Amino acid sequence: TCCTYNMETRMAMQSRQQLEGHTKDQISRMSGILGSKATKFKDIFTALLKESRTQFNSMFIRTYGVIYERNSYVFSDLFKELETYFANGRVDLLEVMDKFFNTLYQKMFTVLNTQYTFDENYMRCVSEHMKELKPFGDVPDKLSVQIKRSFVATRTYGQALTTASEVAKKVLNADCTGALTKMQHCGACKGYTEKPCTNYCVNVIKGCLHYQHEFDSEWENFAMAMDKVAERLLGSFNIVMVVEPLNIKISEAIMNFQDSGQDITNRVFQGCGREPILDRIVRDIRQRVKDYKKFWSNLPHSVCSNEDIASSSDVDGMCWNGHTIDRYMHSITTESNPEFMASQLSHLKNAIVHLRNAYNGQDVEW
């Protein structure tokens, strides 16, 4: 033997802080990029939603005049629900849209039929028949489903990014100590200058970070679910195509009532009687989430390739293998190491469930 007992104990602290150091570095930078981009995304969306509110109001004062001004609260209350949802997620978007178009129809029926008089009992009959008569055509039905799908998927995209960044921060083991020093510093113990075999170093580091094994496979499902949601956000659930021309979609529902106002009244009378910045940010995050899919499994390979360890290949047999200067005679482990959190997993598993519901156009309770 070429080392003492306390030389080995000194090399046990040096080997520990090298791996713990490199890991904490990679984790904090990834968690940093993910968290900062979550905030940027949430910012670009609130900006787009405030732009839509201002443009909606300006268009409506200009096109509808005092009919709009008198009832502006109906439209301003709608923007508040959409704002609150993105902030809280508590609002039921389909109920809100149903109520809005119901209120819009009652106000508009009364306005047109100034000539006639309607009490509380009459107007209740008018609302009961609304979905049977289709006053705004198929807009309320189609628009409400678009709002729900795009708002749910947009909010979940930002939330899942926040909780990924958060859960990575909480990841920040006795058997490792023995295998780590024996790999890094004990070649020299037998009077050797040869660097450790790469596959040896990889197996050792996989055993050290065996605690991130459950977590790594779930990070992969997370990246796969985050990629499907980004695909829907750029595609079929595109929120810019919903929010930006929202004033045009609502004016077109209004004109649908005006153009058939005569027809509507007759049917009632029988019943009762007398490139966008958010698209750029999604495309960007999407790529970074794709490049981070195998972040956890690449950690042993990242550690071994560094100037710090500078591990050598097996191919020539000129490396430290745990016994001598020879070829490391073990294959890399997959799915029992030859060289040898539950909350974070659940917080990540729940995010995946929420991303799945968002990509399926289903409800998210988060």
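Residues numbered from 1 in each chain as written, not as in the entry; some residues may be left out. Heavy atoms only, no water. Residues with missing side-chain atoms left out of burial classes, pairs and counts.

Named according to the PDB entry, the protein chain is Dally-like protein originating from Drosophila melanogaster.

1. So, the overall build of the protein chain
Of the regular secondary structure elements, the protein chain holds 15 helices and zero strands. Overall, the protein chain is about 105 × 35 × 35 Å in size when its C-alpha atoms are taken along their principal axes. (Helix = DSSP H or I, 4+ residues; strand = E, 2+ residues; numbered from the N terminus.)

2. Notes on the packing of aromatic side chains
By the definition in use, this model includes 26 aromatic pairs. Judged by centre distance (5.7 Å) and plane angle (70°), the ring pair of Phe-75 and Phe-100 falls under edge-to-face. Of this pair, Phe-75 sits in helix α3 (residues 72-88) while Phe-100 sits in helix α4 (residues 93-112); the two residues are 25 residues apart in sequence, bridging distant segments of the chain. For the pair formed by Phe-75 and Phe-100, the shared burial category is buried. When the centroid spacing of 5.3 Å and the interplanar angle of 55° are considered together, the rings of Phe-109 and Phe-118 count as tilted. In this structure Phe-118 comes out as buried when scored by relative accessible area, which is 16%. Sitting above the plane of the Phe-237 ring, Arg-232 keeps its charged end 5.5 Å from the centroid. (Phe/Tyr/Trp six-rings, centres within 6.5 Å; stacked < 30°, edge-to-face > 60°. Buried < 20%, exposed > 50% of the residue type's maximum accessible area, 1.4 Å probe, protein only. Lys NZ or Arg CZ within 6 Å of the ring centre and 35° of its normal.)

3. Observations concerning the environment of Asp-77
With respect to the secondary-structure elements, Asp-77 resides in helix α3. Sequence separation between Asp-77 and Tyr-122 is 45 residues, and the spatial gap between their C-alpha atoms is 25 Å.

4. A look at the nonpolar core
Membership of the largest hydrophobic core comes to 103 residues, with the highest contact counts inside it found for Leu-82, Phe-151, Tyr-157, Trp-219, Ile-250 and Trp-296. Counting residues per element, this core draws most heavily on helix α1 (residues 5-64), which supplies 13 residues. Aside from chain neighbours lying at most four places away, what touches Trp-219 is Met-30, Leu-34, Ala-164, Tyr-292, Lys-293, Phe-295, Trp-296 and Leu-348. (Core = buried A, V, L, I, M, F, W, Y, C linked by side-chain atoms within 4.5 Å. Contact = heavy atoms within 4.5 Å.)

5. Description of helix α6 (residues 139-169)
A rise of 1.5 Å per residue sets the reference length of α6, with its 31 residues, at 45 Å; its end C-alpha atoms lie 45 Å apart and thus fit the reference within 8%. Most of α6 sits inside the fold, with 22 of its 31 residues counted as buried. (Expected span 1.5 Å × (residues − 1).)

6. Things to note about the state of the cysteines
Within the structure shown, the criterion is met by four disulfides. For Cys-197, the disulfide goes to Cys-319, at an S-S distance of 2.0 Å. Residues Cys-197 and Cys-319 share a disulfide whose torsion about the S-S bond is about 90°; that sign makes it right-handed. Taking the relative accessible area as the measure of exposure, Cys-197 reaches 1% and is therefore buried. (Disulfide = S-S within 2.5 Å.)

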